[PDB]
Amino acid sequence: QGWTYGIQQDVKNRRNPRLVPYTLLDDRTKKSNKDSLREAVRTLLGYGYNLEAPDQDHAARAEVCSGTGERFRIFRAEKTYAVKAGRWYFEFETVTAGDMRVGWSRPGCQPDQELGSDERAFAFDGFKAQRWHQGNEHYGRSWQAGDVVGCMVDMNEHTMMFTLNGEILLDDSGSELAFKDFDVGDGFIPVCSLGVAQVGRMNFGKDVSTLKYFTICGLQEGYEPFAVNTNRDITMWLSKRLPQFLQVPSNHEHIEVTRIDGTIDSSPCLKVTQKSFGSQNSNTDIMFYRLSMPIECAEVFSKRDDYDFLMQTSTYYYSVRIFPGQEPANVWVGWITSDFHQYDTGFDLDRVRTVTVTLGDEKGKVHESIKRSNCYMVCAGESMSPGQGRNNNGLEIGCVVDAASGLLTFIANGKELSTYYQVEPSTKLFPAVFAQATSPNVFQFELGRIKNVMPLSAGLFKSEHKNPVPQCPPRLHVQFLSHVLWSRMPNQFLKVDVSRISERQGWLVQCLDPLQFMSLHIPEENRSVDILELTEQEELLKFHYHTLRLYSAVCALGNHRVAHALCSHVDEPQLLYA
Amino acid sequence: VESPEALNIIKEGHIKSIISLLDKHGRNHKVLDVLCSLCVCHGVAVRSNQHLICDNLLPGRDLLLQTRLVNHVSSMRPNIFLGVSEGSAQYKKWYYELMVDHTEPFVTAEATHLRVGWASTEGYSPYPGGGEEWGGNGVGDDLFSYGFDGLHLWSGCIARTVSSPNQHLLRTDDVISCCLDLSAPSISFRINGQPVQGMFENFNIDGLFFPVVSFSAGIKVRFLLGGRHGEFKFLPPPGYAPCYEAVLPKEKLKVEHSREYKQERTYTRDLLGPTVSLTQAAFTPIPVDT
Amino acid sequence: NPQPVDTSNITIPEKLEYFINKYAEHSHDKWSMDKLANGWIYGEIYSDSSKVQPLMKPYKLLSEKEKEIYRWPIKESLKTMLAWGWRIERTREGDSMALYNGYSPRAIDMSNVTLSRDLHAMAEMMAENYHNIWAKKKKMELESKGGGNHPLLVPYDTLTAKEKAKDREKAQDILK
């Protein structure tokens, strides 16, 4: 009929508050029709046809549902707070009972794997009442909501011990030590794993009075609070939610990238292969790949080969070779922006995030329609009109970008595809190929040049802006989207209070105190991170320290002009905050 | 580092090639060390080398890591999670209105951030999608949010100047009213009763939407949600239900932080794991065919 | 003791005839690269002593007598696969290719493609059947000789992957 839910009944607008699930339904109406159906079925059975009940459902779903695809978020202290010796204590308060793990982890613990699954962490799981280190063994009891579990670590005799609500948990035998013996290694830091719809609280014991069971257990034993003598609070790190693009590791168990140097007759190539395809533990999820450096469009849009045309042109070209034996329907090719953080197991070009801003005049006429999207890619399967594979050359999708006009057109097997994307001025486009591995050899990055189109290295590197020879400098490298990254919780958050002043005045939001942070902007990646996060990225920290040293050196010995120039890069507020 | 005579031999072409090494190969700290040694040797500073390194490296701002102070930006959202799907009983037209009580223009050196509009959630989960929980990112910075700061339309860190009567940044005693049409993707803004010549079209409607404002220091604004909670300064456009009508019966409409972590004591801090997707928020009748 | 599956009970479909078309051609093509690798040059004279052979010439232009008995092993293979009773479904792409219907030889390697667990097991057991057929033949020459035995007469599972290799690779290439 077209009716929709409405808190107030209105026939003309087709409003009905009854359009809700039966559990959320009104009690009076539900009991009315409920007793009606009780009476009907009870009369049905009293009629003599005593129909038997169906198979009673005793199954349990075990609550597999979760936000996106993340089953747990790992919370840990900063790596710099690792303890090498000593004897330390901290408490974990379980707000809601469920699948949570608390224990001690090494600085090398990955934020995506289960806490205690590998050797990086030593954790206690109370929901299953089972320890976790390179496997699981039964230990302790199960906690309820509100129970507080204390974690005790002794780095002298290499012993760890857990206490639940005060009593010491013990092993299958009478031994009280959670883990008999380990090695110091690189140190230990507190860590907790929180499951779906799980709430917990960690108390590092900055105030000894906050620790609730420390007096009965831990104080006389000689254990010390983790924050026994810290003037400022511990910076706590959590698992990052948004996937990011990072360079493919050389030791990756699935992905392998090899660099093929370009000969006189062959363009330089970057080839991506699947190590463990046709073997166990292969990954069939769509793997997202990206080149490190982007192509930047012009600030303002305009409104054999000729060497002059190749000097005055701005169109850049790269292509991909879909390896014969790899299904083109599982591979997408094109350009993506820096904002592309959508990691989905099933990727389709229909669900690419997009918006269309259409600025108009006061008369209502559409002055301009601008389509904005993070992903501008095409599918190889729909482009492969001949079908199947050719050994002489695989499906060769080629991408050309006109930095002066923002026109993204795709060339395939010498014929131009119908799909075309027009991008905004100054947009930074990253070459990217999304593919699901159906073969050991999936695809490779061809960096050649088609007729009258400037090669990609010119648009990538300003030094080679005028070099027609294709190049693959070591800076450019394939990056894959992954969830294995930590994140730094801010020490201080903005203070805002919310309260509904009155029915007339509505809800009020009030923030009056200023708070600032310094952001470190990576130029090539179009990214930005807090400078205080560099406590865990050693390479960036070292490079920025040496950049500061160079900044000091160029203005050293009273180079006043250089100092005035540097005042723009580093200003008074930045200096005074640092 | 050893021979002062080397510095005189080093020329403009060599000092450019050294920087081109950093450009082509990548971030390498020993190249920066070599450049430092070029500037000063044995306590003697070379003005030419210091000038060349500066004028050939600094102005580009493409190799060295840039740094800047950014004001923290937080976001408040109501409890309502309005969305559109087939066979679902939710109204496709919605309206809410914002009242700016006071806004200091420059609490700090950087201008204050005040953007209002709608944001979406990836899937049916209650987490806002595509945006970092903390930082200098607000409404209109990620591609899942749609904002209006008074002069520009914000979506995915891209701002386009929108024509409006008496163009100005949002100041004291400015009234912003937002309209969202989920039947045909449409987000419309209405400033002080005058129509903003701006338009959001053909955006993804798979996820759940919600009103949201991104603010910085020195912001004091009020949500006029209509009905019991508020009263609209201007009449809603025809057929546009007020946003307070989307609250579930047993649930109480409250304004909370868009993100799950806020300012509080570290030991009292409630650590939240992943939350179950709110697919039950959308109601769709599923009768078994007989 | 092996037992090959019965083959006379079943008949060939024209849709499978279409499949053996261009498949016998690709097999002839790869065997033609084998001939050029071990030294054969295209020559109408039957100079098989001096590495001259006219077989390096496209399969359709070849004589139908040569085309026959060459497709015969494919016929027994398809009898074997259908005798299992397995169902076969044509895709839209494979039907558009049927609708669509001097040169350097193109042969495509297809070890790049990978089968699933199910097709793996099916190929393994049908390779079992082909090894059983070969063991039956070797058994007939065994009774013709009247004595002796063959080391590979032991069942296919009792064999090892190295001697299995030709039968496996044939299995996955035909099913791929």
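Reading guide: rules and limits
Residues numbered from 1 in each chain as written, not as in the entry; some residues may be left out. Chains lettered and ligands numbered in written order. Part of a larger assembly, values for the part shown. Heavy atoms only, no water. Helix = DSSP H or I, 4+ residues; strand = E, 2+ residues; numbered from the N terminus. Buried < 20%, exposed > 50% of the residue type's maximum accessible area, 1.4 Å probe, protein only. Polar contact = N/O pair within 3.5 Å; in protein donor to acceptor, adjacent residues only side chain to side chain. Contact = heavy atoms within 4.5 Å. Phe/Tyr/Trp six-rings, centres within 6.5 Å; stacked < 30°, edge-to-face > 60°. Pairing = 2+ DSSP bridges. Axes fitted to C-alpha atoms, helices over the stretch in contact; angles between N-to-C directions. Buried area = accessible area lost by both parts, 1.4 Å probe. Salt bridge = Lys/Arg side-chain N within 4 Å of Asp/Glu carboxyl O. Nonpolar A, V, L, I, M, F, W, Y, C, P; charged D, E, K, R; others polar. 1 Å grid on protein atoms, 1.4 Å probe; cavity = no way out; pocket = protein on both sides within 12 Å on 5 of 7 lines; lining within 4 Å. Points joined across faces, edges and corners; volume = space filled by probe spheres on them. Parallel < 35°, antiparallel > 145°, perpendicular 65-115°, else oblique. Left-handed = near helix turned anticlockwise from the far one by under 90°. Expected span 1.5 Å × (residues − 1). Patch = residues over 30% accessible without salt bridge, like charges linked within 9 Å, V, L, I, M, F, W, Y side chains within 5 Å. Areas by Shrake-Rupley, 256 points an atom, 1.4 Å probe, with all protein chains shown as cover.

Per the PDB entry, chain C carries the name Ryanodine receptor 2 and comes from Homo sapiens.

Where the PDB entry is consulted, chain A appears under the name Ryanodine receptor 2, with the organism given as Homo sapiens.

Looking at the side chain of A:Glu464
Within the secondary structure, A:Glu464 is located in the loop between α4 (456-460) and β30 (478-482). Relative accessible area serves as the criterion here: at 13%, A:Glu464 is assigned to the buried category. A polar contact of 3.1 Å, which involves the side chain of A:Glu464, links it to the side chain of A:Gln471. Polar side-chain contacts of A:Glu464 include one of 3.3 Å to the side chain of B:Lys24. Not counting residues within four places of it along the chain, the set of residues in contact with A:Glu464 comprises A:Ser457, A:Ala458, A:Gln471 and B:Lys24.

Brief notes about the packing of aromatic side chains
Each pair of aromatic rings is reported with the distance of its centres and the angle of its planes. Residues and elements named next belong to chain B. Considering all chains together, one arrives at 41 aromatic pairs over all chains under this definition. Residues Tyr146 and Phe209 carry aromatic rings whose centres are separated by 6.5 Å and whose planes lie at 15 degrees to one another, so their mutual orientation is stacked. Remark: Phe209 occurs in strand β14 (residues 209-215) and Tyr146 occurs in strand β7 (residues 145-148); sequence separation between them is 63 residues. Of the residues examined, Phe209 reaches a relative accessible area of 0% and is grouped as buried.

A word on the arrangement of the chains
Here two pairs of chains make contact, and the pair sharing the most contacts is chains A and B. What separates chain B from chain C at the closest point of their C-alpha atoms is a distance of 30 Å, and the two make no contact.

Quick look at the sheet that holds β14(B)
Residue and element names in this part refer to chain B. Strand order in the open sheet formed by seven strands is β9-β8-β7-β6-β14-β4-β17, with antiparallel pairing between adjacent strands. The sheet is open, and its two borders are formed by β9 (158-161) and β17 (255-257), each paired with just one other strand. Mean inter-strand twist for the sheet, computed between neighbouring axes without regard to direction, equals 25 degrees. Where strand β4 (residues 74-78) lies against β17, three bridges are found, and the strand directions are antiparallel. The residue of β17 that forms the bridge with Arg77 is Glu256.

A look at the interface of chain B and chain A
Taken residue by residue, the interface counts 119 residues in chain B and 125 residues in chain A. Taken over both partners, the interface formed by chain B and chain A buries close to 10900 Å², and the fraction arising from carbon and sulfur atoms is 59%. Summed over the shared surface of chain B and chain A, the number is 14 salt bridges. Counting across the chain B and chain A interface gives 55 residue pairs in polar contact.

Focus: the interface of chain C and chain A
The interface is formed by eight residues belonging to chain C together with 18 residues belonging to chain A. Summed over both partners, the interface of chain C with chain A comes to about 900 Å²; 46% of that surface belongs to carbon and sulfur atoms. The three residues of chain C that bury the most area against chain A are C:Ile108, C:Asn112 and C:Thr114, which together make up 52% of that side's buried surface. Between chain C and chain A we count zero salt bridges in total. Residue composition of the side of chain C that touches chain A, grouped by class: four nonpolar, two polar and two charged.

Topic: the sheet that holds strand β5 (residues 130-132) of chain A
All names here are of chain A. Spatially, the eight strands line up as an open sheet ordered β6-β5-β4-β3-β10-β1-β13-β31, and their pairing is antiparallel. In this open sheet, the two edge strands, each paired with only one partner strand, are β6 (136-138) and β31 (486-488). Here the strands of the sheet are splayed against their neighbours by 25 degrees on average, with no regard to which way each runs.

Some words on empty space enclosed by the protein
To find leftover empty space, a probe the size of one water molecule is rolled over the atoms. Its volume calculated, the largest cavity comes out at about 410 Å³. Taken together, 29 residues form the lining of the largest cavity, with B:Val73, B:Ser74, B:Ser75, B:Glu133 and B:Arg259 sitting closest to its centre. When residues of the lining of the largest cavity are traced back to their parent elements, those giving at least two are β4, β6 (114-120) and β14 of chain B. Across the lining of the largest cavity, the residue classes break down as 10 nonpolar, 13 polar and six charged. Here the second largest cavity defines a volume of roughly 60 Å³. What lines the second largest cavity is A:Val272, A:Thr273, A:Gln274, A:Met287, A:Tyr289, A:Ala435, A:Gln436, A:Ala437 and A:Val442. Residue contributions to the lining of the second largest cavity peak at three residues, all from strand β16 (residues 269-274) of chain A.

Details of the environment of A:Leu25
Tracing the backbone through its elements, the reader meets A:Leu25 in the segment before α1 (27-46). Note on A:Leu25: relative accessible area 7%, which makes it buried. Leave out the neighbours within four places in its chain, and A:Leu25 touches A:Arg18, A:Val20, A:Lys30 and B:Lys250.

Some remarks on unusual backbone geometry
Residue and element names in this part refer to chain A. Its identity is not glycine, yet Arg14 carries a phi of approximately 60 degrees, on the positive side. With respect to the helices and strands, the residue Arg14 is situated in the segment before α1. Residues other than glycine seldom take positive phi values, yet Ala197 does so here, at roughly 55 degrees. Mapped onto the fold, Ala197 is located in the loop between β10 (189-194) and β11 (199-203).

Looking at the pairing of strand β3 (residues 100-105) of chain A
All names here are of chain A. Extensive coverage of β3 is indicated by the burial of six of its six residues. Pairing between β3 and β10: six bridges, direction antiparallel. Residue pairing across strands places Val102 opposite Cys192, the latter belonging to β10. Direction of pairing for β3 relative to strand β4 (residues 121-125): antiparallel, over a ladder of five bridges. Residue pairing for β4: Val102 is matched across the bridge by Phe124.

A few points about the packing of helix α2 (residues 12-25) of chain B against helix α3 (residues 29-39) of chain B
All names here are of chain B. As a packed pair, α2 and α3 sit with axes 10 Å apart at the nearest point and diverge in direction by 160 degrees. Between α2 and α3, the angle is such that the two are roughly antiparallel. Crossing of α2 against α3: the hand is left-handed. Facing α2, whose interface residues are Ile15, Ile18, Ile19, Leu21 and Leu22, α3 presents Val31, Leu32, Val34, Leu35 and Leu38. Split by residue class, the contact of α2 with α3 holds 10 nonpolar, no polar and no charged.

Comments concerning the side chain of A:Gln444
Residues and elements named next belong to chain A. With respect to the helices and strands, the residue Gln444 is situated in strand β28 (residues 441-446). In this structure the side chain of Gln444 is engaged in a polar contact, spanning 2.5 Å, whose partner is the side chain of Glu446. Leave out the neighbours within four places in its chain, and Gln444 touches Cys269, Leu270, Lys271, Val272, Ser319, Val320, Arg321 and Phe323.

Structural notes on the environment of B:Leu22
Topologically, B:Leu22 is positioned in helix α2. Its relative accessible area of 2% is what places B:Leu22 among the buried residues. Sequence-wise, B:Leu22 and B:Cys39 are 17 residues apart; in three dimensions their C-alpha atoms are separated by 17 Å. Among residues more than four places away in sequence, those in contact with B:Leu22 are A:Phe543, B:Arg27, B:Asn28, B:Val31, B:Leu32, B:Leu35 and B:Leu63.

So, the packing of helix α5 (residues 117-145) of chain C against helix α6 (residues 161-175) of chain C
All names here are of chain C. For the pair α5 and α6, interaxial distance at closest approach is 9 Å and the crossing angle is 125 degrees. One way to sum up the angle between α5 and α6 is to call them oblique. Of the two elements, α5 crosses α6, and the hand of that crossing is right-handed. Between α5, through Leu119, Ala123, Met126, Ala127, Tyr130 and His131, and α6, the contact on the second element is made entirely by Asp167, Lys170, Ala171 and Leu175. Considered class by class, the residues forming the contact of α5 with α6 number seven nonpolar, one polar and two charged.

Things to note about the pairing of β9(B)
All names here are of chain B. Sheet topology places strand β8 (residues 152-155) next to β9; four bridges connect them, and they run antiparallel. Bridge pairing links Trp154 to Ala159 in β9. With antiparallel pairing between neighbouring strands as the criterion, β8 and β9 make up a hairpin whose turn holds two residues, including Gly156 at a positive phi of roughly 65 degrees.

A word on α1(A)
Residues and elements named next belong to chain A. Helix length check: α1, at 20 residues, gives a terminal C-alpha distance of 27 Å against a target of 28 Å (1.5 Å per residue), a fit within 8%. Here α1 starts with a cap whose side-chain oxygen sits 3.1 Å from the backbone nitrogen of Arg28, and that cap is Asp26. Looking one or two residues beyond α1, the residue adopting positive phi is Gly48, at roughly 115 degrees.

Considering a nonpolar patch on the surface
Taken together, the side chains of A:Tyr47, A:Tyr49 and A:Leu51 define a hydrophobic patch exposed on the protein surface, amounting to about 470 Å² of accessible area. With respect to the secondary-structure elements, A:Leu51 resides in the loop between α1 and β1 (73-77).

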